[PDB]
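Alright, here's a single protein chain in two forms, structure 1 and structure 2, each given by itself as structure tokens.
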Structure 1
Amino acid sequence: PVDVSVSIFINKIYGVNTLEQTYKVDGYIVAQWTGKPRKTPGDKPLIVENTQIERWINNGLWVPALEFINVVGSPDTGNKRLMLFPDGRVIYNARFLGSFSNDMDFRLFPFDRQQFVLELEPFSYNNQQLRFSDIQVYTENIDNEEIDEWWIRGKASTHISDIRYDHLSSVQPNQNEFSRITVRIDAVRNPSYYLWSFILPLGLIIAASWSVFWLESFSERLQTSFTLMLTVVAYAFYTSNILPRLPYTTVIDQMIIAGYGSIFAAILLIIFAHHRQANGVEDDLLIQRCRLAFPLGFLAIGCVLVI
């Protein structure tokens, strides 16, 4: 098995589409291996640009096709370069732009911690024909930066493993294990924008739904409650596009449900206060003085639901 030394330089990461859980990676890949010696004009290495590598591959030069496992379709490969040496070593440099998909878990949407994963693998040659010796990733352009809403922390973790494929077991009996390179970049989401745009007004409206009971009239308090519920409906569609449809509830959705439940609890308390008048002449004092105990109970509810 020929040994290939890979080096990935991550130029930038952007386009983090949290809806489809794909992110765009732009960068360069430098694969390097050693082959049989060849005659090169002069005592200098020979550089072969793009759309000129095809003549060398047609003549019979062994250039492996390294694909990305977790890419969406095909990467938009820009330029490629093949640098050949007289002693036998080959260096294949290429530039890639790819849409990569990783399993993202948005259980804590604003304070999220994800990792961007690049999985690289030979498409044809298995570990008995191609072995990845080492990979070192130079993510120095975005080592400690803020790309769009994500802080990149530290360096990029690298791993080299062997993947056994069962769909190639019927066509290749024993030799179906492929050498795979995994590159993980840990990123934390910047929670500032959601903190001052999607959490603070929701807290203000929750406190307003707390304050609806300070009136002394039933029907005007009801129209107040319904205008508040229309405002919670307004944030229902103001905050719908920022996240996909997940079975669990994040903090934003928990606060939206908290607003709905607070308005419904207010309406039920008003109705029971109207029903509490046994003869229609007795007023309400204790059930109308819940303007301070309901904030305490709802603060306890929020403290449970956030953690």
Structure 2
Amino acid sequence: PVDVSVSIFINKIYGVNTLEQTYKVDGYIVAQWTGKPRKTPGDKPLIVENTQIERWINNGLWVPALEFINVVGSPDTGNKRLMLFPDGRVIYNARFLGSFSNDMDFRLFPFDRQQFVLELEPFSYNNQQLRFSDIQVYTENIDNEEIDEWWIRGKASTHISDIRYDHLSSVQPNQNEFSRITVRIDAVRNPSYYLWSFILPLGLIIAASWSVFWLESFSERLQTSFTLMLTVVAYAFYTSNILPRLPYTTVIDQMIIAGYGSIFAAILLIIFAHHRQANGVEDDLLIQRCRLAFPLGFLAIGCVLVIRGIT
């Protein structure tokens, strides 16, 4: 088995696509193994750049192809380089930008924690085995972290494992296990834009909706409920036009649904308080009792949604 040591440098993680559950990573790959001794000009390391690599492969140089098994498409490889030492060592160094996919769950959207993952695996070998994985995310974004969309916690997690492919050759004593390198980078979204421009104003609109119980006429309470209903629709548009698309409801959308429910429940109470001929449009304490019971009932419902997400 040819031992291969790998170092991954991460320069930039960006472009998270929520519907496809993909993200872009730009960085370097440094693979190093040990072949047989060779003679190089000047008995010093020999450097072979981008298009000269292909001429060495045709002459019989063994350069294993390393594939990302989560990449969507083909990574946009930039500059490549080989460094053939006279004692046998070979260092392969490449620049990559690709779109990677992972199971990402945005159900706590403004406060979600993701885990960007890179999986590396030799494309056509089972007994060329990876030993060391060093991940150097040298971008110490701890400084000026508050201007970045994603905060990166911890350094990185590396893991060398053996993946078994049972859908393989009949003769598979050890001919169906492939070495795999997994890199995990934890991240936390930056909940400042979504906490000041989406959640705070939505709390004020819903809070102002309970003001409808302070008007002093049945006709006034009903008519201003439709303006409130139009305000929430105009707010669900401002939200859905900015927030990322998802196949489930986040915590912002569940507040909007509660906004529709609060206004609609107010309309039923306004109508019921007016047309029950036991309190009627005369002295009626159902409205006064509703000035207090509506904020409390909504606050309790806000707690049920706040424990559903955490659990």
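Shifts are known only where both forms have a C-alpha. Take the two forms, find the largest set of C-alpha atoms that superpose within 1.5 Å, and that set is the rigid core. For numbering, take structure 1's sequence and count from 1.
- In a rigid core superposition between structure 1 and structure 2, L243 is the single residue of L46, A65, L243, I57 whose Cα is displaced by 2 Å or more.
- Once you line up the core between structure 1 and structure 2, the Cα of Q115 stays within less than 2 Å of where it was.
- Relative to the superposed core, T139 undergoes a C-alpha shift of no less than 2 Å between structure 1 and structure 2.
- Annotation for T158: C-alpha shift under 2 angstroms between structure 1 and structure 2, rigid core superposed.
- Summarising the core-aligned comparison between structure 1 and structure 2, the C-alpha atom of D148 is found to shift 3.8 Å.
- Core-based alignment between structure 1 and structure 2 gives a C-alpha movement of 0.4 Å at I199.
- In the core-superposed comparison between structure 1 and structure 2, the CA atom of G280 travels 6.3 Å.
- Taking only residues common to both forms and fitting on the rigid core, the CA shifts of 2 Å or more between structure 1 and structure 2 cluster into runs of 3 or more residues at 17-20, 127-148, 166-174, 241-249, 277-289.
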